[PDB]
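Colleague: these are from a larger complex, still in place; more later:
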Amino acid sequence: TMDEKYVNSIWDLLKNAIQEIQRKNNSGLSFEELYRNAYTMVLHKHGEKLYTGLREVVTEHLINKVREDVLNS
Amino acid sequence: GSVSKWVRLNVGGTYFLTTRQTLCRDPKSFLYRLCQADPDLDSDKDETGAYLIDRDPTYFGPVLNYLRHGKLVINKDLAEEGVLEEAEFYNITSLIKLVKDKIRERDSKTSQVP
Amino acid sequence: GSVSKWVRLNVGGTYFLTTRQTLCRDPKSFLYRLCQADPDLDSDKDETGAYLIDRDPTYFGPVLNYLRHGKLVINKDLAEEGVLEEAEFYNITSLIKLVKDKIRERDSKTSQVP
Amino acid sequence: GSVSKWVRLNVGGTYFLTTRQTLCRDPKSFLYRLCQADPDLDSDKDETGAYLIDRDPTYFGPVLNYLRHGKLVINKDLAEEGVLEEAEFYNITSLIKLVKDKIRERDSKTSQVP
Amino acid sequence: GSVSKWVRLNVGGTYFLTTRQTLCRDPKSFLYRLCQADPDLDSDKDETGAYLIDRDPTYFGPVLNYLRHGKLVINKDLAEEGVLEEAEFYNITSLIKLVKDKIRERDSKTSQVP
């Protein structure tokens, strides 16, 4: 079966990046890497989770950080 | 200096040299993204100055061929799906479109009956 | 630096370059164990830094590319068994599975009766 | 030296060294235009002084061979269509005049029912 | 002795290394003239000392190896019709002969009537 934890493994790497991109210190990332991981996940059709995972990660940042500062301003 | 007109690819270990415009037929494509001089993603530069793309070094021929002359150039022994699985990656749909027809065209004879 | 995200191969004298994670589509595989940086079983290296892999590089196309994009990458005149035999060495269980279907699938026509 | 009869072509990644006379076989050829010492052209690698031509090095062999010994030599792997379009770029009206016939000859022979 | 027995043929930009007596199988050969220290060779030399020759670097393989072990080595992909016109230039008369038969030999199976 295609089931495996590696799906989570790429999740993180894609996730730690996205968080970093939102954290505005992009210098530590690589486009070639990132595109491939995102690519492989959807290739064996787990995108509907990755899209969902995408929805959460950005949602996390705005509400938890962006919303706070605008309140503080 | 800070910019140049030639981009050097290290696809799969083999090296390619091509022009920026060569990487701009489809500006949604992976190749286009590297072609940009944005500092937002450092990319995977190599000491040779090449951009380390880590997919098949060989099936990249037909992909870059279309990115210079807009037609399906396949070495006879190369595998049609080979470029397709390569074309999907770089995100140039037009080649991906015509590739599928070439496969379907292939089977009109290879799937025929007497 | 302390580590590079990609490790070069030198299978049978020919060269293949890819990122560390490409060698990990089936951790229970020959390439995976060496892909790790564990010194306790660390193999030897070519002075280019690539890993020596003493085996047929001709049929490595189908194998390494399936590790990248998980499909059967065939070349026009590469033998059906060779991919089976090669894949068996690398121990990426799914690949060895799908080939067996391909050969049987092939014999569906190659062993077909009018 | 002020001039050198040897021109150094960097044709898309694979170097080609050839004589000025060989490129100048018919001046209409885009290759001929490169050879001239006029001030229009300035694209070359600074260290080595090789013209940067961004096209498929593989298919350039048949193009240059015709410009060296006046015949169409194509390795079995190189696609005839690939040299054809490759030839079209350099504007060697004779070569393209030839390739289509071999192309047609290739196809006519294949699809020919007895 | 202010002279060497090994020469560096810079054919087609490629560096081929070979020893004087290797090239003298046919003294009427182009190379045999290159092999000497005549008063009409000094101009054709590189900064390294390699002789600058301006023909195909890849079809040269069968020619040079024939001058080594008197047998044709045609890498399977290469075209028999292509070395012939590289043979003609070098003036290996005997080698010109056997390739021509090989060309004729190929048609025995390819120009056959089932």
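Modeller: Yep, that arrived. Residues are numbered from 1 along each chain as shown, chains lettered A, B, ... in the order given.
Colleague: wait, is residue B:95 part of a strand?
Modeller: No - going by DSSP: H, G, I helix; E, B strand; the rest coil, the assignment for residue B:95 is helix, not a strand.
Colleague: Would you mind stating the distance between it and residue D:68?
Modeller: Using CB to CB, to the nearest Å, residue B:95 is found at 32 Å from residue D:68. Placement of C-beta: from N, CA and C, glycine included.
Colleague: now residue B:77
Modeller: Distance from residue B:77 to residue D:68, counting by CB to CB: 26 Å.
Colleague: Name the nearest residue to residue B:77, ignoring sequence neighbours.
Modeller: Counting by CB to CB, 6 or more residues apart in numbering or on different chains, residue B:77 lies nearest to residue C:76, which is 4.2 Å off, once chain neighbours are set aside.
Colleague: OK, contacts around the one you found?
Modeller: B:76, B:77, B:78, B:79 (CB atoms under 8 Å, 6 or more residues apart in numbering or on different chains).
Colleague: and residue B:77 and residue D:68? which has more neighbours close in?
Modeller: Taking other CB atoms under 10 Å in any protein chain shown, residue B:77 and residue D:68 do not tie; residue D:68 has more neighbours (23 against 13).
Colleague: which helices and strands sit right next to the helix or strand encompassing that one?
Modeller: Using DSSP states H and E, residue D:68 maps to helix D:57-69. The contact analysis (3 or more CB pairs under 8 Å, 6 or more residues apart in numbering or on different chains; DSSP states H and E) places helix D:57-69 against strand D:6-11, strand D:14-19, helix D:20-23, helix D:80-90, helix D:93-111, helix E:80-90.
Colleague: tell me the most buried of these?
Modeller: The highest average neighbour count among the helices and strands packed on helix D:57-69, using mean count of other CB atoms under 10 Å in any protein chain shown, belongs to helix D:80-90 at a mean of 22.
Colleague: Tell me what angle that helix forms with strand D:6-11.
Modeller: Helix D:80-90 runs at 120 degrees relative to strand D:6-11, counting by axes from the mean of the first three to the mean of the last three CA atoms, to 10 degrees.
Colleague: hmm, helix D:80-90 in reach of chain C?
Modeller: No - judged by CB under 8 Å from any CB of the partner chain, helix D:80-90 and chain C are separated, with a smallest distance of 15.7 Å.
Colleague: Which elements pack onto that helix?
Modeller: helix B:60-69, helix D:30-35, helix D:57-69, helix D:93-111.
Colleague: now those as a markdown table including distance to residue D:83?
Modeller: Formatted as a markdown table, the helices and strands packed on helix D:80-90 follow (distance: least, CB to CB, whole Å):
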| stretch | distance to residue D:83 |
| --- | --- |
| helix B:60-69 | 12 |
| helix D:30-35 | 14 |
| helix D:57-69 | 4 |
| helix D:93-111 | 6 |
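Colleague: Here is chain F, add it in:
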Amino acid sequence: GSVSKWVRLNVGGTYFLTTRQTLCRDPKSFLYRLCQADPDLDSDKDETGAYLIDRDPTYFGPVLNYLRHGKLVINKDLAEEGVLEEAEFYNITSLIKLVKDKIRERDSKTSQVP
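Modeller: Following on from the chains above, chain F is added here:
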């Protein structure tokens, strides 16, 4: 340095670094004689000490690979006979048998038509 277990051959220009034990696999091979530190040797490229061996590098692959793992590994583009001649020069008897079987298998299959 007392001695270098690594030795740097030159085989038709291409440097092939290797170790003595690789070269000492066959008591009667040409390469074995090179390993001897006796005074009968004068082809050292003294700029580095690389011994010069004027023959085709391309077919030196299978010779050196077999000289490390005792199986005839091939890059398909290389000629079947060329490796026969190439090893024949180096005097690796066991190998030249294997290739003579390889050719026998190649042609024998090629020599049959149902």
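Colleague: once more on what packs on helix D:57-69, with chain F this time?
Modeller: Checking 3+ CB pairs under 8 Å, 6+ apart, helix D:57-69 ends up next to strand D:6-11, strand D:14-19, helix D:20-23, helix D:80-90, helix D:93-111, helix E:80-90.
Colleague: Looking at the ones you listed, which is nearest to residue A:13?
Modeller: strand D:14-19 (35.5 Å; CB to CB).
Colleague: want to throw the helices and strands packed on helix D:57-69 into CSV with distance to residue F:106?
Modeller: Shown next, in CSV, are the helices and strands packed on helix D:57-69 (distance: least, CB to CB, whole Å):
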stretch, distance to residue F:106
strand D:6-11, 35
strand D:14-19, 30
helix D:20-23, 38
helix D:80-90, 27
helix D:93-111, 26
helix E:80-90, 18
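Colleague: Just say helix, strand or coil for whichever residue of chain B sits closest to chain F.
Modeller: Nearest residue of chain B to chain F: residue B:77, at 10.0 Å (CB to the nearest CB). Here residue B:77 is coil, with the state taken from three-state DSSP.
Colleague: Please apply the same query to residue B:114.
Modeller: coil.
Colleague: got a list of what residue A:43 touches?
Modeller: Counted by CB under 8 Å, 6+ apart, residue A:43 has contacts C:69, C:70.
Colleague: outside of the lengthiest helix in chain A, which residues touch it?
Modeller: The single longest helix within chain A, with elements called by DSSP state H, is helix A:6-22. Applying CB under 8 Å, 6+ apart, the contact partners of helix A:6-22 are A:26, A:28-29, A:33-34, A:37-38, A:40-41, A:46, A:49-50, A:53-54, A:57-58, A:61, C:21, C:24-25, C:27.
Colleague: With stretch B:15-29 instead?
Modeller: Outside stretch B:15-29, the residues within contact range by CB under 8 Å, 6+ apart are B:5-10, B:31-32, B:34-35, B:48, B:50, B:60, B:64, B:66-68, B:70, B:90-94, D:10, D:12-13, D:52, D:54.
Colleague: for chain B, what are the nearby residues on chain A?
Modeller: Counting by CB under 8 Å from any CB, chain A sits next to chain B at A:26, A:27, A:28, A:29, A:30, A:31, A:32, A:33, A:34, A:35, A:36, A:39.
Colleague: Please tell me which one of these counts the most neighbours.
Modeller: Neighbours here mean other CB under 10 Å. Within those, the largest count is held by residue A:36, at 24 neighbours.
Colleague: Point to the residue nearest the middle of chain B.
Modeller: Nearest to the mean C-alpha position of chain B, by CA atoms, centre = their mean, lies residue B:63 at 3.3 Å.
Colleague: meant to ask about chain A, not that
Modeller: By CA atoms, centre = their mean, chain A has its centre lying nearest to residue A:15, at 3.2 Å.
Colleague: ok, it to chain D distance?
Modeller: Residue A:15 sits 37 Å away from chain D, going by CB to the nearest CB, to the nearest Å.
Colleague: From chain B, how far out is that residue?
Modeller: Counting by CB to the nearest CB, the gap from residue A:15 to chain B is 17 Å.
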